[PDB]
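Novice: Starting off with a structure, shown below.
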Amino acid sequence: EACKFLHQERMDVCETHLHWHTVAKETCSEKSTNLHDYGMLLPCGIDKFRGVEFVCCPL
């Protein structure tokens, strides 16, 4: 098993770095992996974003 690169965004709300970091961490965990790195997508407003791309790696 190698690491998996994933992209998740949404079109209904903008959210903070904390929210997106939380999403990435929890998504990796749901797939039996640990988040290693991530970057937000689609900066919105003054301090928010509309998605995250991230790399989940083997436990």
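First residue shown is number 1, and so on along the chain.
This entry, so its header tells us, was determined using X-ray crystallography, 1.6 Å.
Every residue gets a Cβ built from N, Cα and C, even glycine.
As annotated in Swiss-Prot:
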DISULFID  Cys3-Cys57  disulfide bond
DISULFID  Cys14-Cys44  disulfide bond
BINDING   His17, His21, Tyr38  Cu(2+) 1 binding site
DISULFID  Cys28-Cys56  disulfide bond
SITE      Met40  site 'Required for Cu(2+) reduction'
BINDING   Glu53, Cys56, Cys57  Zn(2+) 1 binding site
Novice: Roughly how many Å separate the Cα of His21 (Cu(2+) 1 binding site) from that of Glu53 (Zn(2+) 1 binding site), to the nearest whole number?
Specialist: 10
Novice: Near the Cβ of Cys28 (disulfide bond), how many other Cβ atoms are there if near means within 10 Å?
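Specialist: The answer is 22.
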Novice: For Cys3 (disulfide bond), list the number of other Cβ atoms lying within 10 Å of its Cβ atom.
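Specialist: So the number of other Cβ atoms within 10 Å of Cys3 (disulfide bond) is 16.
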Novice: Do you know offhand how many angstrom separate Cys14 (disulfide bond) and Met40 (site 'Required for Cu(2+) reduction') by C-alpha?
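Specialist: So the Cα of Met40 (site 'Required for Cu(2+) reduction') lies 11 Å away from that of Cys14 (disulfide bond).
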Novice: Tell me, which recorded positions from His17, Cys28, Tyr38, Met40, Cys44 are within 10 Å of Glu53 (Zn(2+) 1 binding site) if we use the C-alpha atoms?
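Specialist: Checking Cα-Cα distances against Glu53 (Zn(2+) 1 binding site), the recorded positions within 10 Å turn out to be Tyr38, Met40.
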Novice: Provide the three-state secondary structure of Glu53 (Zn(2+) 1 binding site) computed with DSSP.
Specialist: strand
